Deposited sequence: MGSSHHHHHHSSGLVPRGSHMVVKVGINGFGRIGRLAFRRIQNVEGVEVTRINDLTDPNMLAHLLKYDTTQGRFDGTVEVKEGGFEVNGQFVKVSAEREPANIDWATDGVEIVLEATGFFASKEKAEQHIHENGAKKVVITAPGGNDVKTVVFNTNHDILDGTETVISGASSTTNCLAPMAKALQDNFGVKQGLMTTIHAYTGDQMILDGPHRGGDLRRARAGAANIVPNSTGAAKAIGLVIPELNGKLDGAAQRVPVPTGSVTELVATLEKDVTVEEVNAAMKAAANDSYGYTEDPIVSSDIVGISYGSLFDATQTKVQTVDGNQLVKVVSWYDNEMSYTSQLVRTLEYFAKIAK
């Protein structure tokens, strides 16, 4: 009973933080009818942002025309306003008809701080492009977007590893039942790592190190999975290994299950679970092959292991994801759906 809007009824979106996720979100929204970006807020001039939209190291040239103007830029003829406001409270989103804001700066990833966007002359709702705490509904599309009714003011689109892990873990649960599991993500380097050894503003002694020249251990925002799959809460934990590729990642999960299984049964379950969000492949691919994909998670049957020792089984399952575009695809899918049921 959610009375969703048609794609002909156009919801106007604002992007706070025109960074990797923000710019890629903007790109995908070009091919979503009924969602449209009318306002961008960052910490720089429009020429910088226009240039970064046109040209993209890992994701290729922009599919269209971009021309700089005063106080903004034009994309395929359509003007988009640019502002440079530090404080989310001072952003006059309503001036440009913006109802929903994509919070993509990485600095306001909580209910309290994201709410600052909602005020007079501001926005109605906010989607955080990251984990946003336990008091915020956290959505991985085609896994738990049921939870949305449309009344919510602040929601989270989860992390990129969460979007990778979730469908793979849920497939295990639903078919076999999961007792417990440990996860390792072999992950591309990101903007919060230092280009060369130097003082990390977050106090992390490992993110302080040269990210494109090191294997760097680190924490992960997907262990936060109980918010997406309630029945698995407290049963999964894990960590990351940040490695020298500018984008593209893979999640390994080692787990104990309720029932006995074979490699063939596991792969078959994953193929059966496949959809627009959760992909399936039996090709021996590498990280560059998943750059720019629209799947939130791509299961790799070639890496599946089922070890049996004295009646006991450890099960290993592995799924690829482009931490940039895979997440962004899921983010926009969640945004689109949320916009149509917004109250």
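Asks: Which parts of the deposited sequence lack C-alpha coordinates in this model? Number from residue 1, please.
Replies: No C-alpha for residues 1-12, 236.
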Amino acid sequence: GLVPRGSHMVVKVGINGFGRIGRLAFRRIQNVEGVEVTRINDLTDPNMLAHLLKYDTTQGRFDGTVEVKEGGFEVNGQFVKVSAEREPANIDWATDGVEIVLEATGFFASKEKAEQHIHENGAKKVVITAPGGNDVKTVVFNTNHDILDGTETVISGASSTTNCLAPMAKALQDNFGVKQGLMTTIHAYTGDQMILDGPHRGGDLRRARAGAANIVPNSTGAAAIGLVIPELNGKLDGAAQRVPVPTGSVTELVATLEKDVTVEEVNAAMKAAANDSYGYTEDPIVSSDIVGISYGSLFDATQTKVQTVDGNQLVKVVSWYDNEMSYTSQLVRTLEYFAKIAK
From here on, numbers count along this sequence of modelled residues.
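Asks: So, looking at the entry's B-factor column for Cα atoms, which has the higher mean, 242-250 or 73-81?
Replies: 73-81 has the higher mean C-alpha B-factor.
Asks: Look up the CA B-factors in the entry and say which stretch, 173-181 or 208-216, has the higher mean.
Replies: Comparing 208-216 with 173-181, the higher average CA B-factor belongs to 173-181.
Asks: Based on what the PDB entry reports, which of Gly191, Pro199, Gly221, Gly106 has the top C-alpha B-factor?
Replies: Answer, based on the entry's C-alpha B-factors: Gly221.
Asks: Name the residue from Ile128, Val140, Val263, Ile195 with the greatest C-alpha temperature factor listed in the entry.
Replies: Answer, based on the entry's C-alpha B-factors: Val263.
Asks: Among the modelled residues of this chain, does the Cα B factor of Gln313 put it in the lowest, middle or highest third?
Replies: As the PDB entry reports it, the C-alpha B-factor of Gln313 lands in the middle third of its chain.
Asks: Classify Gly157 as lowest, middle or highest third according to the C-alpha B-factor given in the PDB entry, relative to its own chain.
Replies: Lowest third, going by the recorded CA B-factors of the chain.
Asks: Which third, lowest, middle or highest, does the CA B-factor of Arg27 fall in along this chain?
Replies: CA B-factor rank for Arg27: lowest third.
Asks: Sorting the chain's CA B-factors, does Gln59 end up in the lowest, middle or highest third?
Replies: For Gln59, whose C-alpha B-factor we compare with every modelled residue in the chain, the answer is the lowest third.
Asks: Give the position of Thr44 by CA B-factor within its chain, expressed as the lowest, middle or highest third.
Replies: Middle third of the chain for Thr44's C-alpha B-factor.
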